[PDB]
Amino acid sequence: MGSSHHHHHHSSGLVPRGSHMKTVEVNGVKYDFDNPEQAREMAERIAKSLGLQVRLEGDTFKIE
């Protein structure tokens, strides 16, 4: 099963600030990950590749 996603309709954990997942938006195209830590390292590896810069703004690591 590839069901490693939200399939638990029980908002708990003191009901926190339920923001969007820390997405990596390169060249305007969004890319989410399993872990935001792995997303950020991927982001900075894409940045140096395309010559762009990872401007994280909110939760969106915008590589422009």
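Methodologically, a virtual Cβ is constructed for each residue, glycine included, from the backbone with ideal geometry; neighbour enumeration extends over all protein chains shown. FYI, it's all coordinate maths here, none of it is from the lab.
Please work out which residue is nearest to residue 58 (Cα to Cα), limiting yourself to segment 1-44 and to residues that are polar (S, T, N, Q) and within 10 Å of the chain's Cα centre (by Cα).
Here the answer is 23.
When only residues in segment 17-50 that are in a helix (DSSP H, G or I) and charged (D, E, K, R) count, which is farthest from residue 6 (Cα to Cα)?
The selected residue is 48.
Count, please, the residues in segment 51-62 that happen to be surrounded by 11 or more Cβ atoms within 10 Å (Cβ to Cβ) and either in contact with a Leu (Cβ under 9 Å, 6 or more places away or on another chain) or assigned to a loop (DSSP other than H, G, I, E, B) (or both).
So the count comes out to 4.
Pairs, please: C-beta under 7 Å, at least 6 apart or cross-chain, first residue free of Cβ contacts under 8 Å to residues at least 40 places away in the same chain and in segment 3-28, second surrounded by 10 or more Cβ atoms within 10 Å (Cβ to Cβ) and of a type in the set (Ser, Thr, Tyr)?
23/31; 23/60; 24/31; 25/60
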